[PDB]
Amino acid sequence: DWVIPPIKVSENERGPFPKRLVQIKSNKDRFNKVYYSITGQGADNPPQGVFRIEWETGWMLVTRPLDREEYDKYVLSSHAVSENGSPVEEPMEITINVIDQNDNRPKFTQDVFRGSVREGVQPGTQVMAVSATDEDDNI
Amino acid sequence: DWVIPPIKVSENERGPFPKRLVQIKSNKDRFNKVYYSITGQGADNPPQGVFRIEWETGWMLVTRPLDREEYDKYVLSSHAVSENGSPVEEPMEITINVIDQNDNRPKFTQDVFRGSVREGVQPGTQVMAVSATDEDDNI
Amino acid sequence: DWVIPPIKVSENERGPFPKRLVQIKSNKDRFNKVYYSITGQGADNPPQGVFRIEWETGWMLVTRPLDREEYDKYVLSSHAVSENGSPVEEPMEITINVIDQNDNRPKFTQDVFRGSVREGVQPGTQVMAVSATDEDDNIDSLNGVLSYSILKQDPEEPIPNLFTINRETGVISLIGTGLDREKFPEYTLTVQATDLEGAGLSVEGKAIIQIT
Amino acid sequence: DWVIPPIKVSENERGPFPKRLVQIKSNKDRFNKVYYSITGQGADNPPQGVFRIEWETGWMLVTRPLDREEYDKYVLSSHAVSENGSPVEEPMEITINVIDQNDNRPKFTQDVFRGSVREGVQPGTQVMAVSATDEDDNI
Ligand SMILES: *[C@@H]1O[C@H](CO)[C@@H](O)[C@H](O)[C@H]1NC(C)=O
Ligand SMILES: [Ca+2]
Ligand SMILES: [Ca+2]
Ligand SMILES: [Ca+2]
Ligand SMILES: [Ca+2]
Ligand SMILES: [Ca+2]
Ligand SMILES: [Ca+2]
Ligand SMILES: [Ca+2]
Ligand SMILES: [Ca+2]
Ligand SMILES: [Ca+2]
Ligand SMILES: [Ca+2]
Ligand SMILES: [Ca+2]
Ligand SMILES: [Ca+2]
Ligand SMILES: [Ca+2]
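Residue numbers (this note's numbering), protein chains in the order written: chain A, 1 to 139; chain B, 1001 to 1139; chain C, 2001 to 2212; chain D, 3001 to 3139.
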């Protein structure tokens, strides 16, 4: 098909919530009223309620800020049933990628590293070695 | 939504190629001409060109034979833009499952197994053990 | 896709302008600031400036009143570029339909129609024929369907009801009896046509009949 | 969105003019006739008329040869209005990069450089220094 592109969203977003992401329409609506719903993790599954859709318009929204560090991606399934009660369209997969933001300070491997060398050695001699890390993206 | 079912395809298929799988239509075509394309592995990504779509009709095809043993499944993304140049429908995910066929002969674990037992033992005594495998489905 | 429905708009609308029609959003805005623009006739093309969009919110507006009689429909193309300067979404077609309103009075085909019949003929005889039109819709409304009638034949003598007219077709026929070229040879009657099957607005004509 | 890539164009191009660059389509044309226009420097703004579009097809063209040395890039805005007169699509930014060509001969910093050294000095001694430049790309 003519699918539907993944939706990039920034992390630690902040403004007035809601935020419309996109709008979907079933064209099989010539006949009855269609009811838009949606399912998955972040939807009806744990984290419940991060995203929700307007059963009558077909708008999708992000309800609150996010941290990629927690969950860096979501996959969702969208639906459309008739008032009479029958589904009209084979559901539709939906994806959201959470873009990294510099929210993380680095941290040393250990709290203290130790070393030793002999007094008479020559300049240009390797002594110790030290480590540390940052959790944000690095690729 | 009203999605679109996965498409089962046999392996080591053989007849006149092409082979139409399915046809997709954007209804938002009342306004301009719509251009159908499609993306992914097996599409524009490595294996490039196993499947291709007719920008103007919306037909999807398998261009050549396949071996599930190589790749047993594909996932694709479909698109539809206007002549002016704007996308009309959120893309659409597409799936194909490759059904197994008895193309594989089995093979012994080793090329030769060895064993030993004592001459005076009684009938009903376990001696060796032998192995071998087949790569086709077995589930 | 999940497209975007045509937008019905009334004609000869009137209130405080602007008027928000709808709001659009590109979701590819996680990355930079997106600039909303829009193109077409009624947009940047002649009639320029009937509709315009708020580059930063994504609202679409009608800036002034319209007459379907002039243009009954518009088609537009919407855009969204990044501050850096690159387009983000394949443009998007947009449609607006202008719903009719009874702003038009009808009008007779000619300014005067003429006719003739012989004095000795029998009641129930077809004489003339008259035309007229309304420019408003007449395929979903009555804003353009007329109903014909008569309201004054001169020479209100011998009697004053020598004829009638078919309300739907506008054809006239002899209804009474007493025609004489020798005494009264030429009648002049006034006709009218009306909006909504005789309900709306009306106008006049003049048909003149000579008697063979 | 699904934007539209920058358009690379060679410099001191030469053949039969015009030259179609690309074609754009508004899909919101199901309803009325759409009128394609375009604006900016090189468009309606000084240099006027280097590029122009066919109001009815949506083709973009370069009308004459160019020298990156003069202007090495252009940015343009595209439009689409209805016959009735209303815009349909939020405009669209357009970019063109002008690729360098060896059209420039170098030139010495000065027209004549002077120098001096003493007669008794040893081989391997630095005397003068000379400069010059080329205006074409060098990166
Ligand atoms: C009809 O036309 C004649 C000619 O002008 C006029 O004198 C007369 O008053 C009109 N009406 C009738 C009924 O004759
Ligand atoms: Ca974070
Ligand atoms: Ca981060
Ligand atoms: Ca960091
Ligand atoms: Ca095989
Ligand atoms: Ca097999
Ligand atoms: Ca086998
Ligand atoms: Ca009017
Ligand atoms: Ca009207
Ligand atoms: Ca009328
Ligand atoms: Ca007589
Ligand atoms: Ca040059
Ligand atoms: Ca050059
Ligand atoms: Ca040079």
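Note that beta-carbon positions come from the ideal geometry of N, C-alpha and C, so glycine has one too.
Helix, strand or coil for residue i? Go by DSSP, reduced to three states.
i: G1085/B; result: coil
i: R3030/D; result: helix
i: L2201/C; result: coil
i: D2180/C; result: strand
i: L61/A; result: strand
i: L2196/C; result: helix
i: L2142/C; result: coil
i: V1075/B; result: strand
i: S1010/B; result: strand
i: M3128/D; result: coil
i: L3021/D; result: strand
i: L1066/B; result: coil
i: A3080/D; result: strand
i: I2004/C; result: coil
i: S3116/D; result: coil
i: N2045/C; result: strand
i: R3105/D; result: coil
i: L2151/C; result: strand
i: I2175/C; result: coil
i: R2167/C; result: coil
Identify, in the order they occur along the chain, each residue of the same chain with its Cβ nearer than 6 Å to the Cβ of residue i, setting aside the five sequence neighbours on each side.
i: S3131/D; result: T3109
i: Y1036/B; result: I1053, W1055, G1058 and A1080
i: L2201/C; result: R2105 and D2195
i: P3087/D; result: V3081
i: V3034/D; result: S3026 and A3080
i: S2147/C; result: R2167, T2194, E2197 and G2198
Taking 8 Å as the line, does the beta carbon of residue i fall inside it for any heavy atom of ligand 13?
i: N3104/D; result: yes
i: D136/A; result: no
Are the CB atoms of residue i and residue j nearer to each other than 9 Å?
i: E3090/D; j: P2005/C; result: no
i: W1002/B; j: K107/A; result: no
i: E2070/C; j: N3097/D; result: no
i: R2118/C; j: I2211/C; result: yes
i: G3049/D; j: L3076/D; result: no
i: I3094/D; j: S3078/D; result: yes
i: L2189/C; j: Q2153/C; result: yes
i: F2113/C; j: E2157/C; result: no
i: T2177/C; j: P2123/C; result: yes
i: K2206/C; j: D2111/C; result: yes
i: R1030/B; j: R3030/D; result: yes
In chain G, which residues lie with their C-beta within 9 Å of the C-beta of residue i?
i: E1089/B; result: Judged by its chain identifiers, the structure shown contains no chain G, and its protein chains are A, B, C and D.
Within a Cβ cutoff of 7 Å, which residues of the same chain sit near residue i, ignoring the five residues on either side of it in sequence?
i: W1059/B; result: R1020, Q1023 and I1053
i: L1061/B; result: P1018, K1019, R1020, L1021, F1051 and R1052
i: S3010/D; result: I3099 and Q3101
i: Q2126/C; result: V2171 and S2173
i: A3043/D; result: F3051 and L3076
i: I2159/C; result: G2176 and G2178
Cβ of residue i within 8 Å of any heavy atom in ligand 3?
i: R2030/C; result: no
i: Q3126/D; result: no
i: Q101/A; result: yes
Does the beta-carbon of residue i, which I'm using as the reference point, lie nearer than 8 Å to any heavy atom of ligand 6?
i: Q1122/B; result: no
Say yes only if the C-beta of residue i is nearer than 8 Å to one or more non-hydrogen atoms of ligand 5, and no if none qualify.
i: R1068/B; result: yes
i: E1083/B; result: no
What does a CB cutoff of less than 8 Å around residue i pick up in its chain, not counting 5 residues either side in sequence?
i: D103/A; result: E11, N12, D67, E69 and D136
i: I2150/C; result: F2163, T2164, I2165, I2172, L2189, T2190, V2191 and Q2192
i: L2142/C; result: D2195, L2196, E2197, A2199 and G2200
i: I3007/D; result: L3021, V3022, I3094, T3095, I3096 and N3097
Examine ligand 9 and report whether any of its heavy atoms sits within less than 8 Å of the Cβ of residue i.
i: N2143/C; result: yes
i: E2011/C; result: yes
For ligand 10, any of its heavy atoms closer than 8 Å to the Cβ of residue i?
i: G2200/C; result: yes
i: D1044/B; result: no
How about residue i: is its Cβ closer than 8 Å to a heavy atom in ligand 11?
i: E2204/C; result: no
| query | Using Cβ-Cβ distances below 8 Å, what residues of the segment 1065 to 1078 of chain B are close to chain D? | reply | From the segment 1065 to 1078 of chain B, no residue has a Cβ closer than 8 Å to chain D.
| Residues, ordered as in the chain, of the segment 2079 to 2111 of chain C that lie near chain A by beta-carbon distance below 7 Å | Here the close residues number zero.
| request: Scan the segment 1002 to 1032 of chain B for residues whose Cβ lies nearer than 9 Å to a Cβ of chain C and list them as they occur along the chain. | output: For the segment 1002 to 1032 of chain B, which is checked against every Cβ of chain C, the residues closer than 9 Å are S1026, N1027, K1028, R1030, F1031 and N1032.
| field | Positions along the segment 2031 to 2054 of chain C whose CB lies within less than 9 Å of some CB in chain D | value | The residues in question are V2034, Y2035, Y2036, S2037, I2038, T2039, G2040, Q2041, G2042, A2043, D2044, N2045, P2046, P2047, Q2048, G2049, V2050, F2051, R2052 and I2053.
| message | What are the residues in the segment 3124 to 3139 of chain D lying within 7 Å of chain B by C-beta distance? | response | Going along the segment 3124 to 3139 of chain D in chain order, one finds no residue with a Cβ nearer than 7 Å to chain B.
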